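Engineer: Pasting a structure here, questions to come.
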Amino acid sequence: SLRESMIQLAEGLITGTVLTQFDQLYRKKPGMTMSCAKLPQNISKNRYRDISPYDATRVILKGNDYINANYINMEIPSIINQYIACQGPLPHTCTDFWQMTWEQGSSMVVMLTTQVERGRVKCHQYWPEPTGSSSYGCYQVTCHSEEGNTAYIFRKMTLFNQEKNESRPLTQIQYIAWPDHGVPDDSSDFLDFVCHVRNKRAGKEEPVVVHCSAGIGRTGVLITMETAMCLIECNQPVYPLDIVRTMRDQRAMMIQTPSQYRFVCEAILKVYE
């Protein structure tokens with residue numbers, strides 16, 4: 001039943017069949033509106049012209065209203081993991097980033113990119129250097145710790161709301177060993193990272209925020225890995241094509257390239273062994 005799903009997946013990477021099947025799945029769920037991202041006021045809060053959030057599942061700021069961010073909820077048959085999948089903050093949407101995190105009650109922010117891959121700004125540094133604080137509107141982030149190996153970094157922070165005189169604790173995990181070109185050769189450092197993400201998620205019932213640069217590629221990989229890992233614990237079949245379909249119903253284009261899909265498929269099969 002699960003073993004049957006992993007023979008189909010294994011013969012599909014030999015077969016060459018799962019890359020073929022990947023190319024058929026839609027990128028945008030037909031008929032889902034994405035026309036806020038295209039409103040004159042909101043266009044410049046988007047990192048790419050062609051990565052917009054579905055109106056139907058976008059995260060709505062209490063301000064007004066817009067951030068490039070969607071709720072993604074992943075149900076496990078027979079546990080509904082909540083995420084907010086979002087782009088990496090731009091310089092001018094940093095206050096929006098922290099407004100979202102506060103209002104949705106997140107206590108964990110998973111960052112899947114470095115700030116400058118090749119010679120390009122992929123994400124704005126929206127948190128202060130350790131021992132530091134910085135202000136984003138009425139929110140003040142102060143950062144206590146920075147510990148991590150050559151593959152990932154854990155930052156312990158306090159996020160403080162000055163408008164509501166209150167402060168919550170907050171943990172950011174950043175995976176810093178993604179290659180500039182393509183996908184990792186060995187998934188073993190990434191897999192370890194995903195486990196950490198799960199230990200600290202725990203049985204908390206709030207969205208974990210997860211971003212890369214556009215918040216569709218690596219972000220889809222991370223959510224596809226954590227889903228696949230609970231499917232396995234519950235003895236449920238694992239069909240990577242269907243995990244992406246569920247994701248894509250909730251944010252367009254999750255898992256961007258064939259190579260990332262191949263990565264997630266080969267990762268899942270190595271995790272099952």
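The way I read the labels, and the way they are meant: chains A, B, ... in the order of the structure tokens, residue 1 as the first residue of every chain, and ligand 1 as the first ligand shown, with later ones counted on from there.
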With 8 Å as the cut-off and only C-alpha atoms counted, what is the closest atom pair between each nearby residue of region 37-137 of chain A and region 157-180 of chain A? Distances in Å to one decimal, ordered by chain and number, as a tab-separated table.

Structural biologist:
residue	atom	partner	partner_atom	distance
A:106	CA	A:170	CA	7.9
A:107	CA	A:170	CA	4.6
A:108	CA	A:171	CA	4.9
A:109	CA	A:172	CA	4.6
A:110	CA	A:173	CA	4.9
A:111	CA	A:174	CA	4.5
A:112	CA	A:175	CA	5.1
A:113	CA	A:176	CA	6.2
A:114	CA	A:176	CA	5.8
A:117	CA	A:180	CA	5.9
A:118	CA	A:180	CA	6.3

Engineer: Can you pull out every residue within 12 Å of region 50-56 of chain A, counting only C-alpha atoms, but drop anything in the same chain fewer than 5 positions away, and send it as a VMD selection string?

Structural biologist: chain A and resid 27 to 39 42 to 45 65 to 72 84 to 87 213 to 217 247 to 254 256

Engineer: Could you make a table, as JSON lines, of the residues of region 20-116 of chain A that have an atom within 12 Å of an atom of region 260-266 of chain A, each with its nearest atom pair and distance in Å to one decimal, counting only C-alpha atoms, in chain and number order?

Structural biologist:
{"residue": "A:20", "atom": "CA", "partner": "A:262", "partner_atom": "CA", "distance": 10.9}
{"residue": "A:21", "atom": "CA", "partner": "A:261", "partner_atom": "CA", "distance": 10.8}
{"residue": "A:22", "atom": "CA", "partner": "A:261", "partner_atom": "CA", "distance": 7.8}
{"residue": "A:23", "atom": "CA", "partner": "A:261", "partner_atom": "CA", "distance": 10.3}

Engineer: How would the residues just chosen look if you wrote them out with N, CA and C atoms as a compact mmCIF listing (two decimals), in the first residue's frame?

Structural biologist:
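And here is the file that came out, result.txt:
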# COMPACT_ATOMS: atom_id res chain seq x y z
N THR A 20 7.95 13.12 -16.72
CA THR A 20 6.83 13.16 -17.67
C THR A 20 5.49 13.50 -16.99
N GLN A 21 5.15 12.81 -15.91
CA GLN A 21 3.87 13.07 -15.23
C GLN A 21 3.85 14.44 -14.57
N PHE A 22 4.99 14.85 -14.03
CA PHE A 22 5.13 16.18 -13.46
C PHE A 22 4.77 17.29 -14.46
N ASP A 23 5.29 17.20 -15.69
CA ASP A 23 5.04 18.21 -16.75
C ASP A 23 3.57 18.36 -17.18

Engineer: Please identify which residues in region 31-257 of chain A DSSP calls strand (DSSP E or B) from the backbone, and express them as a VMD selection string.

Structural biologist: chain A and resid 58 to 60 66 to 75 80 to 86 108 to 111 116 to 117 120 to 121 133 to 136 139 to 143 147 152 to 161 166 to 175 208 to 211

Engineer: Would you please work out which residue, of A:238, A:138, A:230, A:271, is nearest to residue 74 (chain A) when using only C-alpha atoms?

Structural biologist: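 For residue 74 (chain A), the nearest of the candidates is A:230.
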
Engineer: Tell me which of A:80, A:121, A:143, A:19 sits closest to residue 206 (chain A), counting only C-alpha atoms.

Structural biologist: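 Among the listed residues, A:80 lies closest to residue 206 (chain A).
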
Engineer: For residue 10 (chain A), which residue out of A:83, A:239, A:152, A:102 is the nearest one, using only C-alpha atoms?

Structural biologist: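 Once distances to residue 10 (chain A) are computed over only C-alpha atoms, the minimum belongs to A:239.
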
Engineer: Any idea what's packed within 10 Å of region 202-204 of chain A, counting only C-alpha atoms, ignoring anything in its chain fewer than 5 positions away? Could you give it as a ChimeraX atom specification?

Structural biologist: /A:79,81-82,106-107,196-197

Engineer: Which distance in Å separates CA of residue 58 (chain A) and CA of residue 77 (chain A), to one decimal?

Structural biologist: 24.6 Å

Engineer: So, with only C-alpha atoms as the atoms that count, which of A:57, A:156, A:192, A:103 lies closest to residue 129 (chain A)?

Structural biologist: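 Closest to residue 129 (chain A) of all the choices is A:156.
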